[PDB]
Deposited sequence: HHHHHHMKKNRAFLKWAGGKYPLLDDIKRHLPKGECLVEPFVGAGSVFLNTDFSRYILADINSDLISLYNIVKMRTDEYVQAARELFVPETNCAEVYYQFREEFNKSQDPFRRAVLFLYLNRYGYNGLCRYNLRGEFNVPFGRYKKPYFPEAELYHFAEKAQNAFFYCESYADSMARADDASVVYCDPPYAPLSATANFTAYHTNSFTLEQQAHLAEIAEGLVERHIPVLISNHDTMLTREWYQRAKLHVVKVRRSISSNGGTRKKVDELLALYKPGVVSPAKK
């Protein structure tokens, strides 16, 4: 099994097997909430459409696709012992928030993800990345995974848009996997969660298959009441499959 090069909350690595079991075949996989890309990186679709609301993420991805070697050589130079400290971290974090260059931004982004508190990605109300230092053993520079993602990106387009736009690019030959921010037990609202299910209803009536993952709750069974439901163990994870 291939690992993602970012640490990402909701990273769906711990349950590929369950997803792969239930995820139908097609020519093209559309992921409206790509995040770290673990589904993408452990399937064999002919092509991929991959999207996210997070503009820094998509921009990193385009860079990794188109400037692989340039990027990896630059990003390795921050994974040295001199940098594992609060003083350097806040220095890098301020550079990132002030920089207007996409490439240097993306070099810093990977450092921020591997050196900051729990690999979180967060922003204050001014749009500034605002995760503090994570105080870590020795962070792993993920070279192998970066090369694996670049190689694999040659069959993908990445877009920065909301789930309703990227789900509209799906067609007769596509499959759609949705992994939205989890339901509760700013950000992503209950209206959108219900909207997501509705869009999925539209796609299955057009013979496009859709699979959604989420927690198992009263609200998730309400929204996905038209899918086939599968419960999965670890609270409980739900998989909702709309097969035409």
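Coordinate coverage of the deposited sequence breaks at 1-8, 194-204, 254-266, 277-284, these segments carrying no C-alpha atoms.
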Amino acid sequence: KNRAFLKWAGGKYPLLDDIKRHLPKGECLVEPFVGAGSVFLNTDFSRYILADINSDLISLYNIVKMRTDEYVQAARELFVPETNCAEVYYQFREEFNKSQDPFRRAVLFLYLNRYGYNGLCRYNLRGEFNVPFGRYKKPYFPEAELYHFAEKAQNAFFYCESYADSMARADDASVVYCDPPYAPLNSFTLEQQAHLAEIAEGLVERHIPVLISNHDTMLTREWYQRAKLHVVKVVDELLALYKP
From here on, numbers count along this sequence of modelled residues.
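In this text, rigid core is short for the largest set of C-alphas that superpose within 1.5 Å between two forms.
The rigid core fit leaves 14-22 as the farther-lying stretch in 5 other deposited structures of this protein, judged by Cα positions and set against 223-231 and 14-22. In this entry, 21-29 has the higher mean Cα B-factor, the comparison being between 218-226 and 21-29. Mean CA B-factor, 75-83 versus 110-118: the higher value falls on 75-83. Taking the PDB entry at face value, the top CA B factor among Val131, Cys160, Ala173, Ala164 belongs to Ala173. Compared with the other modelled residues of the chain, the Cα B-factor recorded for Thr68 ranks in the middle third. In the PDB entry, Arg105 places in the lowest third of its chain by CA B-factor. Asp179 sits in the lowest third of its chain by CA B factor, as recorded in the PDB entry. The PDB entry assigns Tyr123 a C-alpha temperature factor belonging to the lowest third of its chain's modelled residues.
Ranked against the other modelled residues of its chain, the C-alpha B-factor of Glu201 as given in the entry falls in the middle third.
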